[PDB]
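One structure below.
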RNA sequence: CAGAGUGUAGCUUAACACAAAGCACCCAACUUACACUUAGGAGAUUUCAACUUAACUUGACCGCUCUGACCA
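Residue numbers (the authors' numbering), protein chains in the order written: chain f, 48 to 65, 81 to 212; chain P, 61 to 180; chain 6, 27 to 163; chain m, 34 to 84; chain N, 52 to 101; chain e, 42 to 101, 112 to 279; chain 8, 95 to 196.
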């Protein structure tokens, strides 16, 4: 009860709820993992995702890119027509992390590159300028946001 | 004829029982307890005691959990406790180690359902 | 009208500044274990234990039994550790333990139980029946 | 170490069998990848256009 | 420049029982950047003309 | 001013070029993963080709059989020669060329003469006014003798620091000691010229790093240099 | 979706199951050591970097303010993984054409 | 080089004895991945003696940390 000393003992809403990159911490980092092997990209992305949790780094989203199929043509023996040789498939995994300081970036980047498996390409870029931070939300999220708007 | 603490419908676990079999499985040890409604513990069986530890390859596997129930079932009969309730979570109920612990209690003569209170 | 609390609030220690980088529960079992810990602690407000819990005297109950035996922990611990390594060295026990087919002899377990911690369980069981409450007040 | 997350298997319920093959690059370097056919080596040719 | 009217009206979060001009002020009662200011010794409403 | 000289050290590292060979325990697991993979996968287009050909031959329009094409792949592979994981510099133990020890990281060491005594240390330059501490490490590359290398610096903060004092000979109130700051960078591409190699610089790993460095200097270096 | 591509499921003998089961227990301990070394390596770098910054501030607080700043030229960063064999100094790959399917 | 300080695997003011506990951690399965859960794995009292219970008290032995010597 409000007049009682135990007022507000049941409050929980402030416990649960209640990008811009500064000069000291990077805003959002997108880690691209290009490799001809599908399992190597999945495993390394899992390793990076588990590494961020151990190092107290928030992972925004871990998703995959559409597969790009590449046909490899080799010249025929003593001829001029290109004949089919092999089909190489490119697999990419993207692990999006945000909230990395510049000082801790030196250690974080060296650890991941040291454990980079063979045939796997590492590409880290920032795409917060591209924005497009729009995803489907649940009904309660819309209700709270619409409540603020009114 | 003794009244059970009915209620607590919106919370878990329930309190409508006389005795409860509560199993505590930690990182290294597995412990099963039989406690009364008022909170007092009747009998205990854990892997921390040397009696059960000296016969177990591992104190955190299914075998250790099954061995606790076989030891506890003998202690339940000696203590005179024959009926008790088991209130597991949906994942604990589906677990294999809890299934064999229930089997050990049933094969030991302990029924995991208390008889209904007599009102009239 | 408002009245200041007579004691620390339950969730007062939590800092709301860096709420995003705070470890959560993420599971029902982790919250339940912590929830039971605070439910067994004294509180300045009215609680279930205050009205339904069995009232006990704050004075510690006396012990009138035989003095506890004197056992050297260092020698006791070393002998127990040695037996574990021998049991785990055997490949048959590990195979049986991995196949969930191994079992312990119940008769031998109670023989050691009655000598080491049997009396303590009996005292706890006797207190549940209230034998000490009636026989020795 | 490069072996920290290198040893893995296909975590798919349904998939075709794959064989360990070598992918020789345009500079002679090779890499272990899994290919549909048991070709003991794969060499990527140099493109005529990129000359 | 002060706009005559807000671009989009918004419902206030204050309770409907409003004493907006009655009682001492509880905000903007101290200097922030400058050293001189006009102190209000009474309640009232300021419109676009003011 | 200050009685401690500010020297901007540089820690150039050569990333591994080849994958480190698997341990015997890893080899056993690698065979298990592939063995499990075959048992839990469907027939491929190549395997289904072979089974159908076996049935047709047993009963009795494909020119090339499944097994016959496999032999062609093997013949081409045996003709090509793979690169040597162990280079000639590994046999010659020439610690000046980047071609050696492709599996492990390499750390640059340069010998300098102080107090008429040669000491192997990391490249460094004195800090100057109107220049960041990181920029001091980048300047060290320009001071190297005929070097064509592009270094990738990670961040701006130093990766380590070491403190030493003059041994009561040149110790003065204006100059009491020095405090170096180590900056790590990645050697993208390039190598030194052929003018001076032996007495100029050497490339060694962390394990073989203690031979050249002093015990006290090595103590602060093995902290930010990983062996993964 | 066709069931004609399914392969026969050959049963695993007792020893085959026994070897795999014992092999997985040793692999769990081997991976624990790799994490232990990596955990200490990150801690070692973090402790040295934090200690180095403290010494920098005492000597010159201005240089401390620049070290903690971000590096715009740091990103993007591209690093290719190792290869099974080093590149051949003198190798001429055959001619061909590359076509990409999307 | 001495000087002090200090001692349970990562953490802990866990350890009365009945007992070296709890959590953190690691692998596999589930997940695109994380997480949950299921199923597994690795663990420790610096070492000695002191009337004995001494992880607990004393010193030694020992390691560690810190400050000077030492120092390019």
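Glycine included, every Cβ here is placed at the ideal spot set by N, Cα and C.
My assumption, with CB atoms under 8 Å, is that residue i sits in contact with residue j. Please give the rounded CB distance.
| i | j | result |
| --- | --- | --- |
| residue 163 (chain e) | residue 172 (chain e) | 6 Å |
| residue 190 (chain 8) | residue 78 (chain m) | 3 Å |
| residue 162 (chain 8) | residue 98 (chain f) | That pair is no contact at about 40 Å. |
| residue 183 (chain 8) | residue 59 (chain e) | Actually they do not touch by this definition, with Cβ atoms about 15 Å apart. |
| residue 133 (chain P) | residue 135 (chain 6) | Contact flag wrong, Cβ pair sits at about 12 Å. |
| residue 28 (chain 6) | residue 49 (chain f) | 7 Å |
| residue 178 (chain P) | residue 61 (chain P) | 5 Å |
Is it the case that the Cβ atoms of residue i and residue j are separated by a distance below 8 Å?
| i | j | result |
| --- | --- | --- |
| residue 202 (chain e) | residue 53 (chain e) | yes |
| residue 73 (chain e) | residue 120 (chain 8) | no |
| residue 93 (chain P) | residue 75 (chain P) | no |
| residue 87 (chain P) | residue 65 (chain P) | no |
| residue 172 (chain f) | residue 225 (chain e) | no |
| residue 235 (chain e) | residue 279 (chain e) | no |
| residue 117 (chain P) | residue 128 (chain 6) | yes |
| residue 157 (chain f) | residue 148 (chain f) | no |
| residue 179 (chain 8) | residue 247 (chain e) | no |
| residue 78 (chain P) | residue 174 (chain P) | yes |
| residue 101 (chain f) | residue 54 (chain m) | no |
| residue 130 (chain 6) | residue 89 (chain P) | no |
| residue 95 (chain f) | residue 106 (chain f) | yes |
| residue 142 (chain 8) | residue 211 (chain e) | yes |
| residue 173 (chain 8) | residue 175 (chain f) | yes |
| residue 57 (chain m) | residue 75 (chain m) | yes |
Cβ closer than 8 Å: which chain e residues qualify as neighbours of residue i?
| i | result |
| --- | --- |
| residue 168 (chain 8) | 204, 205 and 206 |
| residue 179 (chain 8) | 59, 133, 134, 135 and 136 |
List the residues of chain m that residue i touches, going by C-beta distances under 9 Å, in chain order.
| i | result |
| --- | --- |
| residue 79 (chain f) | Absent from the coordinates is residue 79 (chain f), which sits in the stretch where chain f moves from 65 straight to 81. |
Between the alpha carbons of residue i and residue j, how many angstroms are there, rounded?
| i | j | result |
| --- | --- | --- |
| residue 115 (chain f) | residue 136 (chain e) | 36 Å |
| residue 49 (chain m) | residue 82 (chain e) | 5 Å |
| residue 62 (chain f) | residue 55 (chain f) | 13 Å |
| residue 146 (chain P) | residue 154 (chain P) | 13 Å |
| residue 141 (chain 6) | residue 139 (chain P) | 17 Å |
| residue 143 (chain 6) | residue 68 (chain e) | 49 Å |
| residue 73 (chain P) | residue 188 (chain f) | 49 Å |
| residue 132 (chain 8) | residue 45 (chain 6) | 28 Å |
| residue 105 (chain 8) | residue 81 (chain m) | 51 Å |
| residue 56 (chain 6) | residue 152 (chain P) | 14 Å |
| residue 113 (chain 8) | residue 114 (chain 6) | 17 Å |
| residue 118 (chain e) | residue 91 (chain e) | 7 Å |
| residue 95 (chain N) | residue 60 (chain f) | 37 Å |
| residue 212 (chain 8) | residue 143 (chain e) | Residue 212 (chain 8) is absent from the model: chain 8 starts at 95 and stops at 196. |
| residue 207 (chain e) | residue 191 (chain f) | 23 Å |
| residue 137 (chain 8) | residue 257 (chain e) | 18 Å |
| residue 168 (chain f) | residue 187 (chain 8) | 38 Å |
| residue 149 (chain e) | residue 180 (chain e) | 35 Å |
Give me the chain m residues within the contact set of residue i, using Cβ-Cβ distance strictly less than 7 Å, ordered along the chain.
| i | result |
| --- | --- |
| residue 114 (chain 8) | Within 7 Å Cβ-Cβ: nothing; residue 114 (chain 8) doesn't reach chain m, min ~13 Å. |
| residue 105 (chain f) | 38 and 41 |
Would you mind telling me which residues of chain f sit closer than 8 Å to residue i, beta carbon to beta carbon, in chain order?
| i | result |
| --- | --- |
| residue 50 (chain m) | Within 8 Å Cβ-Cβ: nothing; residue 50 (chain m) doesn't reach chain f, min ~14 Å. |
| residue 43 (chain m) | 100 and 101 |
| residue 195 (chain 8) | 130, 131, 132 and 133 |
| residue 277 (chain e) | 172, 173 and 176 |
| residue 56 (chain m) | 98, 150 and 181 |
Could you name the residues of chain f that residue i contacts, counting a contact when the two beta carbons are closer than 7 Å?
| i | result |
| --- | --- |
| residue 37 (chain 6) | 62 |
| residue 29 (chain 6) | 50, 51 and 52 |
Below 8 Å on C-beta distance, what does residue i contact in chain 8?
| i | result |
| --- | --- |
| residue 43 (chain e) | 153 and 154 |
Give me the chain e residues within the contact set of residue i, using Cβ-Cβ distance strictly less than 9 Å, ordered along the chain.
| i | result |
| --- | --- |
| residue 117 (chain m) | The displayed coordinates of chain m run from 34 to 84. Any statement about residue 117 (chain m) would go beyond what the structure contains. |
Give the residues of chain 6 in contact with residue i, contact being defined as C-beta atoms less than 9 Å apart.
| i | result |
| --- | --- |
| residue 96 (chain f) | Ordered by position in chain 6, no residue passes the 9 Å Cβ test against residue 96 (chain f), which lies about 31 Å from the chain. |
If the cut is a Cβ gap below 8 Å, which residues of chain 6 does residue i touch?
| i | result |
| --- | --- |
| residue 118 (chain f) | 47 |
Using the beta-carbon of each residue, which ones in chain m are nearer than 8 Å to residue i?
| i | result |
| --- | --- |
| residue 67 (chain e) | 36 and 40 |
Those runs of the beta strand (DSSP E) which lie wholly inside the stretch 115-173 of chain e and span at least 3 residues: Taking 3 residues as the shortest admissible run, the stretch 115-173 of chain e contains the following complete beta strand (DSSP E) segments, listed from N- to C-terminal end: 157-164 and 169-172.
Secondary structure, beta strand (DSSP E): runs of 3+ residues fully inside the stretch 118-186 of chain f: Listed in chain order, they are 120-126, 130-137 and 144-163.
Length at least 4, wholly inside the stretch 143-189 of chain 8: the alpha helix (DSSP H) runs in chain order: Taking 4 residues as the minimum length, the alpha helix (DSSP H) runs contained wholly in the stretch 143-189 of chain 8 are 155-161, in order along the chain.
Segments assigned beta strand (DSSP E), at least 3 residues, entirely inside the stretch 245-270 of chain e: Taking only runs of at least 3 residues, the beta strand (DSSP E) segments lying wholly in the stretch 245-270 of chain e are 252-255.
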